[PDB]
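Since the structure comes first, as structure tokens, the remarks are kept for the end.
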Amino acid sequence: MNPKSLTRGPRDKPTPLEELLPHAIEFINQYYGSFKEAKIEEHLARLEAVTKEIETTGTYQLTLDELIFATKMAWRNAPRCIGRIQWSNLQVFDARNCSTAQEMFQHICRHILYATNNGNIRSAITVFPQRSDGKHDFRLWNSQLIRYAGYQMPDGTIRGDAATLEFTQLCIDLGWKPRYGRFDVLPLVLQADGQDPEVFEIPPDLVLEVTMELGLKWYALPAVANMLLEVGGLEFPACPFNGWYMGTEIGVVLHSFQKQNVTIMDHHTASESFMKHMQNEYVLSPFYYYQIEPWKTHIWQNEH
Ligand code: HEM
Ligand SMILES: COc1ccc(CCNC(=O)C[C@@H]2CN(c3cc(C)nc(-n4ccnc4)n3)CCN2C(=O)C(C)C)cc1
């Protein structure tokens, strides 16, 4: 067998033009091929523009329409995503002009607000600046936009999310005030332009939770924070996205989500979202890759 790696690692230098150009050309072909018989002359013109931009600047910028197409095709190309059947239902937020961590935080607040929609969940992706030389990466160090902290007990058992024990310690190490509950929402840890990450508490009013029906509960919004979007040889190492829950196992239910009017992929929702998708009809690439946990690769500039 010849599987590919599902992981795309860091770089220390810009992608070589000899490697970048063929990938860009192939993506430009995929995009204009989505029109099939139209736009031959526009296709060729974009090819020339992209090629001269790469030759002059070492890289290129996607148009907004190309970016939107890319995020949706990468979604379509996600092997295990059940949601991908309605891939046209995706809202894109273009944050490619973002420069600071504070600005990242505001983009993410907007994303969480839009996607949560008081429970009527909408799928969205926010795209931060593409990798340049690999020394100025944007990254969310979180695995999810919303997730509970995990604390190790003296007996070896975990309080909270057992899967986040390491990340939770990192937050504490970064100065995050360690509460000790079973449902403490982790802070956003945000890296801008390759700098050391900064810690931002998520405004509590932005976190919608479903109370189970006892003591249990969970967050309504499943958002993956840590993957990298690849398209036309370009890499976007910060591109958080969300859908809604499957419900078959959230980790804490099907009644409680439905009761509090929080979207899950039940039969009604499956049918309606596919219906909405269908109405929009009026090496895989692009692709979402996993990355190496950034605290394992980051070179600390301040380390205080
Ligand atoms: C609208 C609701 C959505 C639902 C119900 C949904 C559901 C799922 C489920 C059940 C998984 C599989 C987990 C596993 O078995 O490993 C998954 C994986 C994934 N989803 Fe979604 N998803 C949705 C939206 C999205 C969106 C909006 C994107 C991105 C634009 C997306 C990208 C992915 C990716 C990249 C994976 C991992 C794929 C892999 O590793 O094979 N999903 N999703
Ligand atoms: C909303 O869809 C679901 C996502 C996660 C779950 C729980 C199962 N958990 C996982 O699969 C763990 C992670 C996180 N994971 C998540 C987690 C969250 C909160 N959300 C998503 N997701 C949202 C939209 N698409 C995917 N995906 C992706 C799959 N994961 C992997 O480790 C694969 C590499 C095997 C149920 C439904």
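All ligand and atom numbering here is 1-based and tracks the order in the structure. We count residues from 1, following the sequence as given.
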Report yes if the side chains of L165 and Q169 come closer than 4.5 Å at any heavy-atom pair, otherwise no. no
Nearest protein heavy atom to atom 1 (C) of ligand 2: under 4.0 Å? yes
Atoms of ligand 2 under 4.0 Å from any heavy atom of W244, numbered from 1 in the order shown, are 1 (C)
Walk me through it: do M212 and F257 pass the test side-chain contact (heavy atoms from CB on, under 4.5 Å)? CA-CA 8 Å; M212 295 312 170; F257 269 78; 3.9 Å; yes
Which residue and atom name correspond to the protein heavy atom nearest atom 30 (C) of ligand 1, and how close is it? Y288 OH, 3.6 Å
What part of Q86, side chain, backbone, both or neither, has a heavy atom within less than 4.0 angstrom of ligand 1? side chain
Is it the case that the side chain of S285 and the backbone of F287 share a donor-acceptor pair, with hydrogens and angles ignored and the cut-off at 3.5 Å? no
From CE (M265) to OG (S271), nearest 0.5 Å: 10.5 Å
Nearest non-hydrogen protein atom, atom 4 (C) of ligand 2: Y245 CE2, 4.3 Å
Determine whether any protein heavy atom is located less than 4.0 Å from atom 13 (C) of ligand 1. no
Nearest-0.5 Å distance, CG of residue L140 to CE of residue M104: 4.5 Å
Taking atom 31 (C) of ligand 2 as the reference point, report whether a protein heavy atom occurs under 4.0 Å from it. no
How close does the nearest protein non-hydrogen atom get to atom 35 (C) of ligand 2, and which residue and atom is it? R80 NH1, 3.5 Å
Think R147 forms a cation-pi with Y219, using NZ or CZ under 6.0 Å from the six-ring centre and within 45 degrees of its axis? no
So does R96 pair up with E66, basic N to acidic O under 4.0 Å? no
Looking at atom 4 (C) of ligand 1, what's its closest protein heavy atom, distance included? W244 O, 3.6 Å
Identify the protein heavy atom lying closest to atom 28 (C) of ligand 2, giving its residue, its atom name and the separation to 0.1 Å. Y290 OH, 4.6 Å
Top protein contact for atom 14 (C) of ligand 2, by heavy-atom distance: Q144 OE1, 4.5 Å
Could you tell me the residue and atom name of the protein heavy atom closest to atom 25 (N) of ligand 2, and the distance to it rounded to 0.1 Å? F241 CE1, 4.0 Å
Which residues and atoms, counting only protein N, O or S, are under 2.8 Å from atom 21 (Fe) of ligand 1? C81 SG
Could you tell me whether a side-chain N or O of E230 sits under 3.5 Å from a main-chain N or O of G233, the two making a donor and an acceptor? yes
Would you mind checking which non-hydrogen protein atom is closest to atom 36 (C) of ligand 2, with the distance to 0.1 Å? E249 O, 3.4 Å
Can you confirm whether more than 12 heavy atoms, excluding those of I299, are under 6.0 Å from its CD1 atom? no
Polar side-chain atom of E213 near backbone of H255 as donor-acceptor pair, under 3.5 Å: no
Is it the case that over 12 heavy atoms from other parts of the model lie below 6.0 angstrom from the OH atom of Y114? yes
Measure the distance from atom 37 (C) of ligand 1 to every protein heavy atom, then report the residue, atom name and distance (to 0.1 Å) of the closest one. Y290 OH, 3.5 Å
Quick one: sort the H298 and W300 rings into parallel, tilted or perpendicular, breaks at 30° and 60°. perpendicular
Does some non-hydrogen atom of the protein lie less than 4.0 angstrom from atom 17 (C) of ligand 2? yes
Identity and separation of the nearest protein heavy atom to atom 27 (C) of ligand 1: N242 O, 3.2 Å
Quick one: OH on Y148 to OG1 on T164, what's the gap to the nearest 0.5 Å? 11.5 Å
of all protein heavy atoms, closest to atom 23 (C) of ligand 2 is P222 O, 3.5 Å
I125 near ligand 1, heavy-atom distance under 4.0 Å? no
Kindly indicate whether atom 12 (C) of ligand 2 is approached by any protein heavy atom to under 4.0 angstrom. no
Do NZ/NE/NH1/NH2 and the carboxylate oxygens of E42 and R46 come within less than 4.0 Å? no
By side-chain contact (heavy atoms from CB on, under 4.5 Å), which residues pair with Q106, not counting sequence neighbours? none
Could you identify the single nearest non-hydrogen protein atom to atom 22 (N) of ligand 2 and state the distance to 0.1 Å? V224 CG2, 3.6 Å
Which distance, rounded to the nearest 0.5 Å, do you find between the CG of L188 and the CD1 of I108? 5.0 Å
Only heavy atoms of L90, strictly under 4.0 Å: list the atoms of ligand 1 that pass. 27 (C), 30 (C)
Would you mind checking which non-hydrogen protein atom is closest to atom 1 (C) of ligand 1, with the distance to 0.1 Å? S123 OG, 3.0 Å
Would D65 and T63 count as a side chain to side chain donor-acceptor pair (under 3.5 Å) here? Give the steps. CA-CA 5 Å; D65 286 343; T63 61; 5.6 Å; no
In the complex you have, is atom 20 (N) of ligand 2 within reach of the protein, judged by whether a heavy-atom distance drops under 4.0 Å? yes
